[PDB]
Amino acid sequence: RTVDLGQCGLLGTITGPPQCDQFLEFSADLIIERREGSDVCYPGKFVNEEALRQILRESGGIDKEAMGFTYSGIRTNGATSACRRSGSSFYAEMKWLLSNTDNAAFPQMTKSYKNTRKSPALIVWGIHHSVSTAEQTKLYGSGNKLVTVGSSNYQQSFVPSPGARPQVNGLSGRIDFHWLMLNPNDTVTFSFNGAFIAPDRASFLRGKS
Amino acid sequence: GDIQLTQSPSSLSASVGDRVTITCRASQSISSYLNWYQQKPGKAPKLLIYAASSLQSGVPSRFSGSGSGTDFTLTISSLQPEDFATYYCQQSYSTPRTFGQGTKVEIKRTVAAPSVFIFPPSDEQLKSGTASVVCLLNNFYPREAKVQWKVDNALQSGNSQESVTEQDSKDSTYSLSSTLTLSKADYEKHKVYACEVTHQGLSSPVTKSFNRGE
Amino acid sequence: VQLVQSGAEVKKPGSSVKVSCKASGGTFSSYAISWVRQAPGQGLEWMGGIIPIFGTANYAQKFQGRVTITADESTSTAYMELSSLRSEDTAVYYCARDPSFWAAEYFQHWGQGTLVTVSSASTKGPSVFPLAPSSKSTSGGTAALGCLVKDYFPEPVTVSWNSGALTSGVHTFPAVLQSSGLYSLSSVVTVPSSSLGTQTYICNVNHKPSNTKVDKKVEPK
């Protein structure tokens, strides 16, 4: 009933970098976190990381449920040397959406998910800040990129900032993770034409004993 | 560590119909995680913009938020009379939540010199062993003014306190009281009490005074 | 959603205070509650928040475990308790609704605020002294007069003139906190010089915290 995360950072339990593969649905009243824990495999950070850690520390653990997004006209299998899982891989709970072919236009898409449970749903997504505009063009097509998240009486947009920051280890881009808590019976909507890392599953707090 | 927000300007003079621009610069990049509030004296703040550019329901469309990363702007097009107030940015990106220091938007008007009045301590206060001398600057604009106290021609420091009214809704002026407080013993050791007022609307400083005296 | 807070408090240094925030409307469990304070004349300062449906709270480190935020879902009421009070804790404390559960914390609806005064001073009604009109308080055909409302604790006081009949040209100044720990303010009015001998001018001072009502007549000498 008390769990030692080791190399897995607590927020990694939500998105699933390879160091967190054995914790994607953990159950624990006390969570032990370690200096060697990392939330990420590709360089980046969680928005409101401190607040979200607070929520998860007293959550009693997490149970994952499918969000049911399906796709066509794009690749859903973006991967990176940074996340090693028998070669290049990605976050286990997320899908790195790419245009069907290099430099091809990414289609404007909209995906929605309704929380049909009685508890609030924790929903994460990533925004990819490519290391270069050529990379962004290569991955999603050229032109302006925009991601919009909406829920009941709420809308917020994110515009990728393609630039080259210090490498980690060799990659100058960043994937930052954003989240929201979806009330029972509310619907989250994502509108995006690229630079969007999509959730495959939502997380529900288990509650303590 | 914490995210610091620097708002500018701190104080702004404007007229109905103006386009007012308030900037907020964050000490690290915070994507679109920035909110704007309005606050008037005696009232809780009110949300205008969340997520850098989303209009809160019920808020007038002349309020527009823009920016992403570190530089943010609140634009009020077509300034209205109910918009004279103080405005705050707040970042929603990290813990602790932090605010800008605030921007006061006040009503522009023509310069108006203060009328200056002085009031010696009352008999009933002196019986209690204290002396308060009050200098009043009435209905002036702009708000900036300098009040200096002189007793027997010597300048004073540290023993006075000022208070200023909010801008008047009918004529857009300010008033200001300056109160010099001395023990009645210290009071009685001098004869002439003078208030010297420096203001843009006065060609040279005005002085009001009395002797201890009559 | 209405947020209604408990009434003003006066506390001695070192004690503690607990402020209540009662939410009417629907679904206390559908949002978070934050607490933000504002010292007199100052900016805004965030203290922390709570998610009632989870029972989890988030605090500003600067408060060094002096703050405890709690919530009772059965009464749709949140609380902020602040301990080891110091003078710098004197402020208006607000609760606010955060629909984002800390994901993008924003204050969509606010309570009316609760003044908390922290001081070693004791409750005291003001002394009311005349600011008598004189040849030194006239300009043109106009004279200034007033009332000096001194040495009261705590805030606030109310001042009217001639029982509310006289409002034109009145200026009641914000109070100043003096070194004694007691408050002082002046209220002034300009009137026609010619009226000083024929119109009675009385300032009505009300200090509800001490149940003191004072009516001082102001005359030239």
Side-chain angles (χ1 to χ4, degrees), chain B residues 2 7 32-33 35 37 39 41-47 49-51 54 56-57 86 88 90-93 95-102 115-126 128 130 132 134 136 138-139 161-166 168 170 175-177 179 181 208-210 214, chain C residues 34 36 38 42-49 58-62 92 94 96 98 100 102-113 127-134 136-140 142-146 148 150-151 169 171-179 184-186 188 190 221:
Chain B
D2 302 348
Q7 240 177 284
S32 49
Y33 286 81
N35 311 313
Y37 304 90
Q39 184 180 35
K43 305 302 173 195
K46 165 187 187 179
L47 173 74
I49 305 281
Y50 68 94
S54 295
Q56 167 65 14
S57 173
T86 298
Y88 294 95
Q90 168 243 326
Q91 60 80 20
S92 55
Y93 195 81
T95 297
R97 317 307 183 186
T98 51
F99 299 82
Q101 94 285 345
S115 302
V116 184
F117 312 89
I118 186 147
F119 298 101
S122 69
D123 299 326
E124 38 269 71
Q125 183 185 22
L126 291 161
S128 74
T130 296
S132 297
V134 176
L136 169 67
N138 211 38
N139 302 169
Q161 302 186 87
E162 299 180 357
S163 189
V164 181
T165 56
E166 305 292 348
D168 184 67
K170 293 179 179 179
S175 297
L176 178 153
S177 70
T179 306
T181 300
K208 275 286 194 191
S209 61
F210 63 91
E214 260 296 30
Chain C
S34 307
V36 173
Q38 185 168 47
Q42 310 306 311
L44 299 163
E45 184 174 21
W46 176 85
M47 302 181 77
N58 187 45
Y59 300 111
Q61 290 307 110
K62 116 151 208 181
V92 173
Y94 300 98
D98 164 31
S100 80
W102 305 346
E105 191 166 347
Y106 65 112
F107 311 123
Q108 186 190 62
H109 301 288
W110 298 62
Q112 88 271 23
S127 303
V128 177
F129 307 115
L131 296 162
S134 79
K136 300 322 212 323
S137 91
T138 67
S139 159
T142 297
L145 62 124
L148 170 62
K150 200 150 172 345
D151 294 340
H171 291 300
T172 301
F173 288 93
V176 298
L177 180 52
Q178 305 157 99
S179 290
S184 287
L185 70 75
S186 283
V188 307
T190 50
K221 283 210 122 161

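Sequence lines set the chain letters: A, B, ... in the order given, protein chains first and strands last, and positions in each chain run from 1. Computed over heavy atoms, backbone and side chain alike; hydrogens, waters and symmetry mates excluded.
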So, the part of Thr95(B) with a heavy atom under 4.5 Å from chain C: the answer is side chain
Applying a strict 4.5 Å limit to non-hydrogen atoms, the region of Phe119(B) in contact with chain C is side chain
Count the heavy-atom pairs under 4.5 Å between each of [options] and chain B, then report the option with the highest count.
| options | result |
| --- | --- |
| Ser139(C), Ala60(C), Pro130(C) | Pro130(C) |
| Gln38(C), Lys62(C), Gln178(C) | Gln38(C) |
| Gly146(C), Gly43(C), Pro174(C) | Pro174(C) |

Any heavy-atom pair between the side chains of [Y] and [X] that's under 4.5 Å?
| X | Y | answer |
| --- | --- | --- |
| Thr179(B) | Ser184(C) | no |
| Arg97(B) | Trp102(C) | yes |
| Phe99(B) | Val36(C) | yes |

In this structure, CG of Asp151(C) is separated from OG of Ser128(B) (nearest 0.5 Å) by 8.0 Å
Region of [X] that comes under 4.5 Å of a non-hydrogen atom in chain B:
| X | result |
| --- | --- |
| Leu148(C) | side chain |
| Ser127(C) | neither |
| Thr138(C) | backbone |
| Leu145(C) | backbone |
| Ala103(C) | backbone |

Checking side-chain polar atoms at under 3.5 Å, does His171(C) have a donor or acceptor matched by the opposite partner on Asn139(B)? yes
